[PDB]
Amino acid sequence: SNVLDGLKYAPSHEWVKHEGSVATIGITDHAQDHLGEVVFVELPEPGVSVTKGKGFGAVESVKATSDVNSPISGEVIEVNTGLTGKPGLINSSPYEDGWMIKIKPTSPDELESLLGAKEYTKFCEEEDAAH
């Protein structure tokens, strides 16, 4: 439940940090907290294209596999190789050290369609209250 003020969010609980012509993607604090302990991460290869709403990789917790969808379209230029040996950084640092991939955005106005922090907070409240 920590939500950061300067990121863009997808309903499936991924964040995007757009700085200039690159965008960094990871999963949110709400996502890691609900998956439980993350024990493995599967990432794409550099030079690969990802597409808005299609899966690019997977996070595995002690109980389950969760496929992660790209929040925007682009070409992977950098992959967090530190996560393979330290998958736990997703639980400890989802917004900083737990980043997963860096992309060159090919259709940057897809960022218009993403939820901002307040909208993502209300969304998580609604989703958790369907309980």
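One rule holds for the numbers: they count along the sequence shown, beginning at 1.
Averaged over their C-alpha atoms, the temperature factors of 25-33 and 44-52 are higher for 44-52. Here the stretch with the larger average CA B-factor, out of 110-118 and 9-17, is 110-118.
Of the candidates 60, 75, 78, 96, the PDB record gives 96 the highest C-alpha temperature factor.
Per the deposited record, 84 carries the highest C-alpha B-factor of all listed residues (84, 92, 66, 70).
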